[PDB]
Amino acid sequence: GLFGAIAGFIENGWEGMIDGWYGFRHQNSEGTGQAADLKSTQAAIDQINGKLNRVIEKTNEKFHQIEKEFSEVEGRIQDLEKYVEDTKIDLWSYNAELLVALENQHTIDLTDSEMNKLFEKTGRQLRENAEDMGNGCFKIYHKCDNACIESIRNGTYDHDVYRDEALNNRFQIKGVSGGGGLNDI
């Protein structure tokens, strides 16, 4: 894809994800979990259904036309009729081929875009409390139970509440003594 998410930094899809197209997988103190995101899935499905309805819109109704099969050789006029029909067929075949190619390319690109947009939205939400690991996963540097992941998955995550603990766990000089956490109370 143009955006490098699908078949990019995300290694592969999740055959277990059956209730959505994009979603989250989490592993915290309470264990592991998976949950679909309905906004991005709805947006992708909406665009695909729009292009599908646009393509299959019934717009051709013809009645009396010209003859296209002949039982006797006639020459000039029959040559012209056959040539007209052949030209029309070739042009419509080219149109159909080009249409399906462009539409499939655009569908792939827009799905890649939706994945990338969800990733960036989550990162901007997490702010300075997490780090991008480069494989579509965020390393969160604070205690985040199932309710915290739920608050992340519905946009209500408040970064300032955890910012101090996140910074304390993040910027540690482990090589020096006392570079870890501040134990003064």
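Note that residue numbering follows the sequence shown and begins at 1.
Mean C-alpha B-factor is higher over 152-160 than over the other stretch, the pair under comparison being 63-71 and 152-160. Set 111-119 against 85-93 and average the Cα temperature factors; 111-119 ends up higher. Ranked by Cα temperature factor within the chain, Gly134 sits in the middle third according to the deposited record. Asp145: CA B factor lies in the highest third for its chain, per the PDB record. Split the chain's modelled residues into thirds by C-alpha temperature factor. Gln125 is in the lowest one. In the PDB entry, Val55 places in the middle third of its chain by CA B-factor.
When the CA B factors of the chain's modelled residues are split into thirds, the value for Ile45 lands in the middle one.
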